[PDB]
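Below is one structure, written out as structure tokens; the observations come after it.
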Amino acid sequence: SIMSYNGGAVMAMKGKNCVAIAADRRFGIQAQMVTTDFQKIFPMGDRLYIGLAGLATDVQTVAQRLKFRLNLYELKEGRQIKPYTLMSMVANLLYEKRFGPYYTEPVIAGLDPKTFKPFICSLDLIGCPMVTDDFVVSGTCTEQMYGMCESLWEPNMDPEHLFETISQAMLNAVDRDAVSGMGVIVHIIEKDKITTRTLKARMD
Amino acid sequence: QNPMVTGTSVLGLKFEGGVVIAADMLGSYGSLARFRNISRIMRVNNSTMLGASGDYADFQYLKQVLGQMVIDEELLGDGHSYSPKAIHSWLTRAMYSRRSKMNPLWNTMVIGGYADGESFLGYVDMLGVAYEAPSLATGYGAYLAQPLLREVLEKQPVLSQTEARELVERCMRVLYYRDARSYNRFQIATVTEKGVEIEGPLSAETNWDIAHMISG
Amino acid sequence: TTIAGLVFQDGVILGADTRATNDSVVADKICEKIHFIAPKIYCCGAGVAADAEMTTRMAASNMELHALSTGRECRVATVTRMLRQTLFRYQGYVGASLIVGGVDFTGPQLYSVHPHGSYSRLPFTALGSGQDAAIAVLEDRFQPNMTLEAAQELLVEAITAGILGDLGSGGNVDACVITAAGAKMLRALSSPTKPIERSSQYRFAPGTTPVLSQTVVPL
Amino acid sequence: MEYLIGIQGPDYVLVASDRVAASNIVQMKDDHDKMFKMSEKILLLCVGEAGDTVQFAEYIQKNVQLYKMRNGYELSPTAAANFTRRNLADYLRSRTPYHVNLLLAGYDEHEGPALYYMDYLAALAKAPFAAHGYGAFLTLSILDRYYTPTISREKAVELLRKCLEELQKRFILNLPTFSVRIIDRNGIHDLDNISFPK
Amino acid sequence: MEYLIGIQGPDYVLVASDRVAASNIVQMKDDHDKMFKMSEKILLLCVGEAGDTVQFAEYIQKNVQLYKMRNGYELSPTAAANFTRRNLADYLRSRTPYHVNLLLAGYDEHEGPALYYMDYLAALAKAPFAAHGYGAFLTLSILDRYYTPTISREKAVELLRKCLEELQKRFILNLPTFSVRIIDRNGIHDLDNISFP
Amino acid sequence: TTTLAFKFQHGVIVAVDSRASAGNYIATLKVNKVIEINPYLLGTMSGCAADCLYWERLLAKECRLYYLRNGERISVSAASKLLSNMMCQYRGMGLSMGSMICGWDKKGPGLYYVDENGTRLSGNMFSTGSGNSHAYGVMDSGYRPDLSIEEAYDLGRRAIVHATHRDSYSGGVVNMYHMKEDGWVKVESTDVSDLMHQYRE
Amino acid sequence: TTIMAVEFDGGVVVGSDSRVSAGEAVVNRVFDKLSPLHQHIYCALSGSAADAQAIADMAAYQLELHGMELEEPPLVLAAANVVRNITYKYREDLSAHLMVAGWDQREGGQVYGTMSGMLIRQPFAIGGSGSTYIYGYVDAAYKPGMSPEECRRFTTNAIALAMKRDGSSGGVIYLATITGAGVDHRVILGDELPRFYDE
Amino acid sequence: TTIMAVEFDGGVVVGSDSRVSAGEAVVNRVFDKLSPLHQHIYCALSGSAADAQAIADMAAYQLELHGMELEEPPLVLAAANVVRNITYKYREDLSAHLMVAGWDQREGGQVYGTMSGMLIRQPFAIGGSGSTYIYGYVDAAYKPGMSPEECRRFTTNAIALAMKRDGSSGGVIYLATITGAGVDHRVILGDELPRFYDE
Amino acid sequence: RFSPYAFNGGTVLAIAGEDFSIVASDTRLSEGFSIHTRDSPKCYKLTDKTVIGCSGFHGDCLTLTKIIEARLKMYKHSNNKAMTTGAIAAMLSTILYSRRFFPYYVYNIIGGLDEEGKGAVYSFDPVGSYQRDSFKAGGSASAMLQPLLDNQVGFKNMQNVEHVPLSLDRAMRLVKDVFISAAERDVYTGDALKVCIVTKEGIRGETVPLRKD
Amino acid sequence: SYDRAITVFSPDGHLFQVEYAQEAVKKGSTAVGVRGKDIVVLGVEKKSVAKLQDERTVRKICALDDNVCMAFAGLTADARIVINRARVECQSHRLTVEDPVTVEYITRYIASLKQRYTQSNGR
């Protein structure tokens, strides 16, 4: 379709007290690569991230609107945004476009600023909010990432095991996808700190 | 392709020691109800029973061909009679060979039969898709009376002859309610070891008294 | 998608299926289709995923302004008009197909709203992709003036026949019972397929990850 | 289709482009210069539909020159890239879609050299080297093989001549003459035009 | 599109063609020779769809060579032109249409030099000079200016170099190298390939 | 799908990648595109995988019928003509195949390119497939007829390695087939990803 | 869908079927196609239900103001025009078709076909996709000057002939007898439907 | 185009209209749609005239050999099948539709709808584009065991209702009474056509 | 008009071990959103050592299977021996190709043991191309199955881990679990499972229960 | 058409039609040839020359291709067929194989024609 123009993959898996979000680095036009430095995962502030997939125009277009609406929300409010409220923002952002929709499927992952509470979710072109207690995926390879996340995911996992789980989930799911690849960036959101790692993946 | 006198849903379900097939008596041209008395259930030899959906003009062609197939078989008197699995696998090829020539017979058929103590209820299709199931329906019967049959067969996989017809009368009653091209008169043809017996035109006692509930 | 509703002696009962699918995949196995309009009024979306949600949000918000404005129990006939004039305003482009039901002091009332705005009062109905399966079970076993204890099984058996017999319906069965007291919600009332077990854990030992750029940001 | 290329050295950004302006089966203008100067150290390279390239890239050249006069300092190559995107992106869904392909090449006192890729859907990418057109398939392969981050401008021009002379063998369109420019701390500097007198 | 040209002098027929074989955006074969020799003094030049040129022009080369062995004498350039037409014409309405563009260049002991034009609809024309392809628009104008029936081989090659070097300026496709051949009473003779390095 | 071949002093070298995909989802990975025909004849694969695989089996069939009948050990030039004549009868019916035929005959290290519509081209250097353009760049980077054996393979590797890196429908492992007077021999089968981080360091 | 109206001395009898069908499947089995626009005025819905229920509600609104502001029951000619203006203005977007029948203190029983934005007064009117089959019954069996007991038996016999031939029609017949005294709403159940040649 | 046939004791009455219309204009004003396939057998043409006259002639030929070779009048079931085989074989190319009615020494009066390649025996049959307008008269007014004088008045009254509603039908009614004694041809002129409700 | 091909769903999975080859498929036959029947085995038996799956239009799965089983006898009568696994692939490559201009829509996966006694899986395409591989999939769930096998079977994307040839004891639980994972997330898979294991001893058919919805 | 067995076996196993055909060769115009080193020579004697004949049109030494020539002795009406059939094969060979025709390749095709016409129906 249109979302298959630039390809791309985004994944989020929820652990016990921590979440992890990953996406590939490839930017290309149909069958032709351009650069491996592209960024599909964007900071929403401390312990909250959002991934974006689909057409690469709307990835950067929708993201610049969120940091626009987020910074307004965080300055008005005296507190940081809750990850649950952010889901409804991006849902309202995409739904106002219902008749000229952005092509993208946001993936939200983070922690409730209250104490430990993790949260993840995914959206659609129209922005139907969908909350899951396990994982969410979006992209052209989504069909691959279902089977990988089904078998590997467990109810409660410590941060060490999230990374190993989400690493092999992307690396194996992307190798069978033609338009995605060229390295994977994996973020880890803990209560204490944040660990970012760029994996070494097959260049192809 | 051309809209020539389609049929309607054909219900069937295998009970203990027999198979029952119910079909409307209504031929339907477009949205009309035009021919209101027709027999859409053909008797094939002694032990097998056919009824169909879709184009009726293509059903009398198969009525004529299968007529010769069975009659030519009786003429030899070899003792061999086509089992309902052969009639089923023969139609599957006729439906398919017409398909691969891009001149298909637009039809859907349900072959009932009881042979060697084994009740055969079977299904074919225009495109050649064919299978065998404990309960079958065609057209919108598969969307309506099919979950009525499956809901019974999951709880009671073994149905008697009396419970069968009662459940068929209920499912034909629901089609009369919920199907636009259906009609009240229908035939219930039950094949058993005693041979094919086609009951006369029947009807359904209907309860419309909910029309008063909607008013208030 | 299969949603259904039934009227009994004292009130109404609204069921729904929990599975939501895009193309052919299962996106989420637990989803709430029954929404909350008024304390005694509910509804069930079937259609485009967000179009059946955002639509019930606008109605649930309008009925809250109306309930605070008047100070009176919300009438079921009002919610139907709001959903009816909203969907018809969009010329059927919205694909939300709703079943509105609830008990006001006029007595139990159950409507249904089609995506183009066509709404019919009736005792029972079902919408969605599995509507043809649920209605067929309602037609046969229905009869006026049912007790509550006998009215739950007929709806469960109506949706279960729509789940097991359709590729677009799955998961548990949500049900919402409404009476003079009203507002009693039963989530995941029925589970047609119990077993979900997946034992052979693929969990592996950490330490094999050809990783390069690792860095840590304190907080 | 018209051809663009760029190369980022440690201290410099070496860009080149074809000088051909073609319509139907003939070449109208062989000296046509596709290199648009946004600011002192900032260039721009636009190819695409014949009318959309000059029309759009002039809307940028004025907004960049206007910013320098308002605040007294020119845009950095980073801000100038994200500005060209949002304008090209907002067009897409409006009634006047632009079809263009951009290369933003610039040098900065702090960030240093920068080279940006952009397609007609306004997807911005920062790459060490990039190319546009059908000649981008026959070239970027050569750039992959001889490029190094430590390359020197003496090698770069020599490296650029290896790429551009292979459009004369495999690539079907003529493209006889190629313009070449280099950017450094001292600003833009022209280099001897690569010319193959067929 | 590929490029053909021909010129008829009083004693000679000077033909030339581009050597490029191109597919998609790249040039596969730069030395590809499009000049097919039907008989001793009879050449043929075929451009068009990549597969139809070699497939059809080989059906002619065999029928011409076969005629010379049957009757002991080769076809004249006139009969060979009307034979290529009827085959190309009969294939129009059948289920295998050929898309080709031909130039039949030959010399005859009596009729003398001859040059024939043909399109993909098999309409035969005998012209003093002709060309095919998109390069035929930028060239035949130059041939109009400098051509004369009394032209000499020495001038013809010099005249041919004026035409072919103007495909390097206006014409968009590369076409770096051009094959050139000349026909006279002594038969076909190759000439130094025009090449623009 | 990326494929290339070139000839020099010591004979032909053929290089392909392994990957063949349908749409965005990669069907298989290690698929061998190069098709063996005779001992000294070597074909390639481009376009529809089943079409060129089928018709180059007929060429393998016709080359044997020729060698059994005449015993003259068919030359590369004629074997290229048989594959074109078979594809010309079915023209218009949608057969999509590219191909190249390599080998050493009495004349020399012949190399040809046979296409779906009958295009037949001899020559020194060829490449086909979707990533063909990316191959010519590295191959034209100073390849010369005077290269030695080791210097020639290094070009064959580095051509496909950079060809599949830029192309999303090309990848997998590089298959390299050297050619000699006696017959072809497989040089190597090596992963692209492992060669990338070599040339990258 | 089959709707019918008959005119007699004291008032009119408005008949209709029930079944609403989308495609070849039945959405609603029992559905009331008579939507009162005003106390004595009734509108028989036809065509697209979503478009007809919108026009029937807009016509019941614009006419409601007409009833209040005049402080007097509106005529049937007023009801037929409010329906006609809405139908003709949107006729591209709205495929609906209505029929307006009722009683007034001036002219008595009236029946107006609103089809496709036009307007006629008719002694009897039939509408819907099931109308066409009963164009032979209503021509022959109809006679002028029928008593209310004869009209209800004429409307019942007619629609009962349409439901059997039409696949998009069926169910129970609704009958509303509108006279000066009030409105008598009846329902004819399947067992009361007049039997006609079965085969 | 409207054709009709009714069965009674001694024989059958085959009615038809006349007018043949291509589009909205009338090709032929008076046209005989009854083409005898044999002495006592008559076929009522319907649908495309060019396709029906071809099938009616091919059926009159194949059946003529059947009459000579048996040296005996053919049945009506034989005539209905010859028409059915031609209609079903060419059903893509030929849009024609026929109706076969006649009398035999065995079963007596018989009427067979051949529509679209199928076959049914019917007590009364109607066909053509104008038949859709009356299913309500033939359901109600029909009664079993009617005398030949009543059947001709039933067929005449019925078609007269179809010609008024149908735009593609009209003209004079043809009536052929086929009994064991022979065939009575009758033509009903416009002044003899039974008058029905005018408005 | 007339659409000759409909998608009936179905999923096929093959794994070639050292001594074994497993071919498994679900039973669900469904056109559109409706389920015709919950038992419709995709796996069909050719010879004792060869099981063929057919995933695609069910009418072609039934026709192509009767054509293959017809040419198995044409071969067995002419050559007086059963077709080898490699010969069935090469034959069915030409069978599928003779339809080139009106193709069968099906995905055939042939598996079993070769002359060497080792698991040989041949995956096809509707046009008749074939290549040998250790593990293949097909149908609607093919995209979900392949990445799981690249990890467990192929040991890819893991640095410094031993390569042990897959064992049948791990292969049984590997085929069952990917379907328990696929039948959940795929609407065209479920209602039952058939596993046909092909070893040197013989074919052993094992049925597994899946989510019924 | 006319399909009947002309050439058939005999109680002695001999083919009469093939033996009687060779009887036509047994009275020919004598044709000879020898092989040298780089040269090869053919010759034929003509007793039918009355000096009124045109020697060019009666020449029985023909040329199938540039690299191959041939002669014949027998009934001359039949040679014009085989020769015109052989010359078609020479050119169809250069169309199939870009190389010229091997002397052996055209000798096989001449022999495969004399076979088919032995076993064909009504020849």
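FYI, nothing fancy with the structure tokens labels: chains A, B, ... in order, residues from 1 per chain, ligands from 1 as they appear.
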Note to self: Give me the residues near range 166-183 of chain I as a list in words, where near means some atom within 8 Å (using only C-alpha atoms) and where sequence neighbours in that chain fewer than 5 positions away do not count.
What the structure shows: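 The neighbour list is residues 147, 150 and 151 of chain A; 198 and 200 of chain C; 13, 15, 17, 18, 20, 24, 141, 144, 145, 148, 153, 188, 189, 190, 208, 210 and 211 of chain I.
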Since we have the selection now, will you write its residues out, keeping N, CA, C and O atoms, as a tab-separated table (two decimals), in the first residue's frame?
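This went into out-v4.tsv:
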```tsv
chain	number	residue	atom	x	y	z
A	147	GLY	N	4.30	-13.29	15.43
A	147	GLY	CA	4.76	-14.62	15.80
A	147	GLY	C	5.97	-14.60	16.71
A	147	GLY	O	6.08	-15.42	17.63
A	150	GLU	N	4.71	-13.36	20.25
A	150	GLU	CA	3.84	-14.34	20.91
A	150	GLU	C	4.65	-15.35	21.71
A	150	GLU	O	4.41	-15.55	22.90
A	151	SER	N	5.62	-16.00	21.06
A	151	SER	CA	6.35	-17.08	21.72
A	151	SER	C	7.27	-16.56	22.81
A	151	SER	O	7.41	-17.19	23.86
C	198	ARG	N	0.32	-22.15	26.67
C	198	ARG	CA	1.52	-22.14	25.83
C	198	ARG	C	2.76	-22.36	26.69
C	198	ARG	O	3.38	-21.41	27.15
C	200	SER	N	5.83	-24.48	26.37
C	200	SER	CA	7.22	-24.57	25.92
C	200	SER	C	7.88	-23.20	25.83
C	200	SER	O	7.93	-22.59	24.76
I	13	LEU	N	3.20	-26.06	7.29
I	13	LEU	CA	4.52	-25.90	7.87
I	13	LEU	C	5.31	-27.18	7.68
I	13	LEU	O	4.83	-28.26	8.03
I	15	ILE	N	9.32	-28.96	8.22
I	15	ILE	CA	10.64	-28.89	8.82
I	15	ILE	C	11.39	-30.16	8.45
I	15	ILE	O	10.89	-31.26	8.68
I	17	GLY	N	14.38	-32.39	9.33
I	17	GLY	CA	15.42	-32.78	10.25
I	17	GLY	C	16.39	-33.74	9.59
I	17	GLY	O	16.32	-34.02	8.40
I	18	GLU	N	17.32	-34.24	10.40
I	18	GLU	CA	18.27	-35.22	9.89
I	18	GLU	C	17.56	-36.50	9.48
I	18	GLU	O	17.63	-36.92	8.31
I	20	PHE	N	14.15	-37.03	9.97
I	20	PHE	CA	12.70	-36.85	9.96
I	20	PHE	C	12.32	-35.63	9.14
I	20	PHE	O	13.11	-34.70	8.96
I	24	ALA	N	2.79	-30.27	8.77
I	24	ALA	CA	1.61	-30.03	9.59
I	24	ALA	C	0.76	-28.93	8.98
I	24	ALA	O	1.26	-28.05	8.28
I	141	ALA	N	-0.70	-17.79	7.34
I	141	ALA	CA	0.16	-17.65	8.51
I	141	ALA	C	1.63	-17.84	8.20
I	141	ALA	O	2.45	-17.87	9.12
I	144	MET	N	4.00	-15.42	9.79
I	144	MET	CA	4.21	-15.53	11.23
I	144	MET	C	5.13	-16.69	11.58
I	144	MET	O	5.82	-16.63	12.61
I	145	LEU	N	5.15	-17.74	10.77
I	145	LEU	CA	5.89	-18.95	11.12
I	145	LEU	C	7.37	-18.83	10.83
I	145	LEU	O	8.20	-19.30	11.62
I	148	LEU	N	9.99	-17.29	13.48
I	148	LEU	CA	10.20	-18.17	14.63
I	148	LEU	C	11.17	-19.29	14.32
I	148	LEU	O	11.94	-19.71	15.20
I	153	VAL	N	15.51	-22.86	14.70
I	153	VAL	CA	16.15	-23.82	13.82
I	153	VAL	C	17.50	-23.30	13.33
I	153	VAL	O	18.49	-24.04	13.30
I	188	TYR	N	-7.51	-17.19	10.02
I	188	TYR	CA	-7.63	-18.30	9.08
I	188	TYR	C	-7.04	-19.60	9.61
I	188	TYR	O	-7.01	-20.59	8.88
I	189	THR	N	-6.56	-19.61	10.85
I	189	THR	CA	-5.92	-20.78	11.44
I	189	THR	C	-6.58	-21.12	12.77
I	189	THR	O	-6.77	-20.25	13.61
I	190	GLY	N	-6.92	-22.39	12.94
I	190	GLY	CA	-7.42	-22.86	14.21
I	190	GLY	C	-8.36	-24.04	14.03
I	190	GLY	O	-8.38	-24.68	12.99
I	208	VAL	N	-3.80	-32.16	17.11
I	208	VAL	CA	-3.64	-31.24	18.24
I	208	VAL	C	-4.82	-30.27	18.24
I	208	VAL	O	-5.29	-29.84	17.18
I	210	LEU	N	-6.72	-26.71	18.93
I	210	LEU	CA	-6.43	-25.29	18.84
I	210	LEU	C	-7.68	-24.50	19.21
I	210	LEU	O	-8.77	-25.05	19.35
I	211	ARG	N	-7.50	-23.19	19.38
I	211	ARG	CA	-8.59	-22.33	19.80
I	211	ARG	C	-9.72	-22.36	18.77
I	211	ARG	O	-9.49	-22.24	17.57
```
Checklist line | 12 Å contact set for residue 54 in chain C, only C-alpha atoms, chain neighbours under 3 positions out, as a PyMOL selection string | finding: (chain A and resi 88+91-92+94-96+98+126-129) or (chain C and resi 33+35+45+47-51+57-61+83+86-87+94-96)
Could you save those same residues with N, CA and C atoms as a PDB file, in the first residue's frame?
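out12.pdb, written as the output of this step:
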```
ATOM      1  N   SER A  88      -4.390   9.187  24.185  1.00  0.00           N
ATOM      2  CA  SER A  88      -5.584   9.868  23.708  1.00  0.00           C
ATOM      3  C   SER A  88      -5.246  11.113  22.903  1.00  0.00           C
ATOM      4  N   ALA A  91      -4.352   9.793  19.521  1.00  0.00           N
ATOM      5  CA  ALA A  91      -5.608   9.330  18.945  1.00  0.00           C
ATOM      6  C   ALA A  91      -6.432  10.501  18.431  1.00  0.00           C
ATOM      7  N   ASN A  92      -6.497  11.588  19.202  1.00  0.00           N
ATOM      8  CA  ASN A  92      -7.206  12.771  18.735  1.00  0.00           C
ATOM      9  C   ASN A  92      -6.468  13.442  17.588  1.00  0.00           C
ATOM     10  N   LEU A  94      -4.675  11.941  15.209  1.00  0.00           N
ATOM     11  CA  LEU A  94      -4.878  11.196  13.976  1.00  0.00           C
ATOM     12  C   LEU A  94      -6.338  11.173  13.550  1.00  0.00           C
ATOM     13  N   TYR A  95      -7.269  11.332  14.491  1.00  0.00           N
ATOM     14  CA  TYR A  95      -8.679  11.225  14.135  1.00  0.00           C
ATOM     15  C   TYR A  95      -9.192  12.500  13.478  1.00  0.00           C
ATOM     16  N   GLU A  96      -8.635  13.658  13.844  1.00  0.00           N
ATOM     17  CA  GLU A  96      -8.997  14.895  13.164  1.00  0.00           C
ATOM     18  C   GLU A  96      -8.657  14.846  11.684  1.00  0.00           C
ATOM     19  N   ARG A  98      -9.196  12.181   9.827  1.00  0.00           N
ATOM     20  CA  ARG A  98      -9.935  10.992   9.411  1.00  0.00           C
ATOM     21  C   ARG A  98     -10.143  10.908   7.904  1.00  0.00           C
ATOM     22  N   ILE A 126      -6.683   5.767  11.678  1.00  0.00           N
ATOM     23  CA  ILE A 126      -7.736   6.595  12.252  1.00  0.00           C
ATOM     24  C   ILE A 126      -7.500   6.879  13.726  1.00  0.00           C
ATOM     25  N   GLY A 127      -6.585   6.158  14.364  1.00  0.00           N
ATOM     26  CA  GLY A 127      -6.281   6.389  15.761  1.00  0.00           C
ATOM     27  C   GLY A 127      -7.263   5.798  16.752  1.00  0.00           C
ATOM     28  N   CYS A 128      -7.611   4.529  16.573  1.00  0.00           N
ATOM     29  CA  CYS A 128      -8.376   3.812  17.585  1.00  0.00           C
ATOM     30  C   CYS A 128      -7.446   3.369  18.707  1.00  0.00           C
ATOM     31  N   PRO A 129      -7.603   3.885  19.925  1.00  0.00           N
ATOM     32  CA  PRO A 129      -6.684   3.508  21.007  1.00  0.00           C
ATOM     33  C   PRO A 129      -6.840   2.041  21.372  1.00  0.00           C
TER      34      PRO A 129
ATOM     35  N   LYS C  33     -16.248  -3.337  23.679  1.00  0.00           N
ATOM     36  CA  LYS C  33     -17.177  -2.758  22.716  1.00  0.00           C
ATOM     37  C   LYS C  33     -18.356  -2.074  23.392  1.00  0.00           C
ATOM     38  N   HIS C  35     -19.987   0.479  25.504  1.00  0.00           N
ATOM     39  CA  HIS C  35     -19.575   1.781  25.993  1.00  0.00           C
ATOM     40  C   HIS C  35     -20.559   2.262  27.051  1.00  0.00           C
ATOM     41  N   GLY C  45     -20.703  -0.829  19.897  1.00  0.00           N
ATOM     42  CA  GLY C  45     -20.193  -0.479  18.591  1.00  0.00           C
ATOM     43  C   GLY C  45     -19.880  -1.694  17.738  1.00  0.00           C
ATOM     44  N   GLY C  47     -18.344  -1.915  13.578  1.00  0.00           N
ATOM     45  CA  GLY C  47     -18.023  -1.119  12.412  1.00  0.00           C
ATOM     46  C   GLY C  47     -16.547  -0.806  12.365  1.00  0.00           C
ATOM     47  N   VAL C  48     -16.204   0.286  11.682  1.00  0.00           N
ATOM     48  CA  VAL C  48     -14.864   0.843  11.796  1.00  0.00           C
ATOM     49  C   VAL C  48     -14.535   1.047  13.270  1.00  0.00           C
ATOM     50  N   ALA C  49     -13.305   0.693  13.646  1.00  0.00           N
ATOM     51  CA  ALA C  49     -12.941   0.615  15.058  1.00  0.00           C
ATOM     52  C   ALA C  49     -13.133   1.950  15.766  1.00  0.00           C
ATOM     53  N   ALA C  50     -12.483   3.003  15.274  1.00  0.00           N
ATOM     54  CA  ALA C  50     -12.557   4.293  15.949  1.00  0.00           C
ATOM     55  C   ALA C  50     -13.870   5.005  15.668  1.00  0.00           C
ATOM     56  N   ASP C  51     -14.447   4.785  14.485  1.00  0.00           N
ATOM     57  CA  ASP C  51     -15.709   5.434  14.145  1.00  0.00           C
ATOM     58  C   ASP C  51     -16.838   4.961  15.050  1.00  0.00           C
ATOM     59  N   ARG C  57     -18.334   8.372  22.188  1.00  0.00           N
ATOM     60  CA  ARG C  57     -17.786   9.367  23.103  1.00  0.00           C
ATOM     61  C   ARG C  57     -18.552  10.676  23.003  1.00  0.00           C
ATOM     62  N   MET C  58     -18.859  11.109  21.780  1.00  0.00           N
ATOM     63  CA  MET C  58     -19.603  12.350  21.607  1.00  0.00           C
ATOM     64  C   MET C  58     -21.001  12.236  22.196  1.00  0.00           C
ATOM     65  N   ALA C  59     -21.629  11.069  22.060  1.00  0.00           N
ATOM     66  CA  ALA C  59     -22.944  10.869  22.654  1.00  0.00           C
ATOM     67  C   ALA C  59     -22.856  10.803  24.171  1.00  0.00           C
ATOM     68  N   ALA C  60     -21.851  10.099  24.695  1.00  0.00           N
ATOM     69  CA  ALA C  60     -21.706   9.992  26.142  1.00  0.00           C
ATOM     70  C   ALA C  60     -21.405  11.346  26.767  1.00  0.00           C
ATOM     71  N   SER C  61     -20.745  12.231  26.021  1.00  0.00           N
ATOM     72  CA  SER C  61     -20.471  13.565  26.541  1.00  0.00           C
ATOM     73  C   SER C  61     -21.702  14.452  26.443  1.00  0.00           C
ATOM     74  N   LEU C  83     -27.286   9.900  18.041  1.00  0.00           N
ATOM     75  CA  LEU C  83     -26.496   8.997  17.214  1.00  0.00           C
ATOM     76  C   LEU C  83     -27.033   8.898  15.796  1.00  0.00           C
ATOM     77  N   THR C  86     -26.207  12.314  13.977  1.00  0.00           N
ATOM     78  CA  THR C  86     -24.766  12.425  13.773  1.00  0.00           C
ATOM     79  C   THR C  86     -24.307  11.539  12.624  1.00  0.00           C
ATOM     80  N   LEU C  87     -24.758  10.286  12.599  1.00  0.00           N
ATOM     81  CA  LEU C  87     -24.347   9.375  11.541  1.00  0.00           C
ATOM     82  C   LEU C  87     -24.917   9.772  10.191  1.00  0.00           C
ATOM     83  N   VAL C  94     -18.985   7.370   7.947  1.00  0.00           N
ATOM     84  CA  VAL C  94     -18.762   6.682   9.203  1.00  0.00           C
ATOM     85  C   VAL C  94     -19.417   5.317   9.101  1.00  0.00           C
ATOM     86  N   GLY C  95     -18.729   4.287   9.575  1.00  0.00           N
ATOM     87  CA  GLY C  95     -19.260   2.939   9.528  1.00  0.00           C
ATOM     88  C   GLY C  95     -19.721   2.396  10.863  1.00  0.00           C
ATOM     89  N   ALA C  96     -20.012   3.281  11.809  1.00  0.00           N
ATOM     90  CA  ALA C  96     -20.443   2.851  13.131  1.00  0.00           C
ATOM     91  C   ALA C  96     -21.863   2.308  13.076  1.00  0.00           C
TER      92      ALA C  96
END
```
Margin query: Show me, as a PyMOL selection string, every residue of chain C with an atom at most 9 Å from chain B, counting only C-alpha atoms.
Written below: chain C and resi 121-123+130-137+139-140+143-144+157+161-162+164-165
Just the selected residues (C-alpha atoms), exported as a compact mmCIF listing (two decimals), in the first residue's frame, please.
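Below you can see again.txt, which holds the result:
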```txt
# COMPACT_ATOMS: atom_id res chain seq x y z
CA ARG C 121 -37.29 -0.15 17.95
CA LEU C 122 -37.64 -3.85 18.64
CA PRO C 123 -37.48 -6.62 21.28
CA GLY C 130 -21.73 -12.16 12.98
CA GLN C 131 -25.18 -10.59 13.15
CA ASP C 132 -26.70 -13.30 10.97
CA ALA C 133 -25.68 -15.97 13.48
CA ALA C 134 -26.91 -14.22 16.62
CA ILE C 135 -30.28 -13.13 15.23
CA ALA C 136 -31.03 -16.67 14.10
CA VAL C 137 -30.60 -17.87 17.68
CA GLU C 139 -35.56 -15.69 16.53
CA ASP C 140 -36.00 -19.31 17.58
CA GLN C 143 -40.71 -15.20 23.71
CA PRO C 144 -42.11 -12.10 25.42
CA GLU C 157 -26.07 -18.55 23.58
CA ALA C 161 -23.24 -18.94 18.30
CA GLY C 162 -21.98 -15.78 16.61
CA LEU C 164 -17.88 -19.86 17.17
CA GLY C 165 -19.53 -19.48 13.76
```
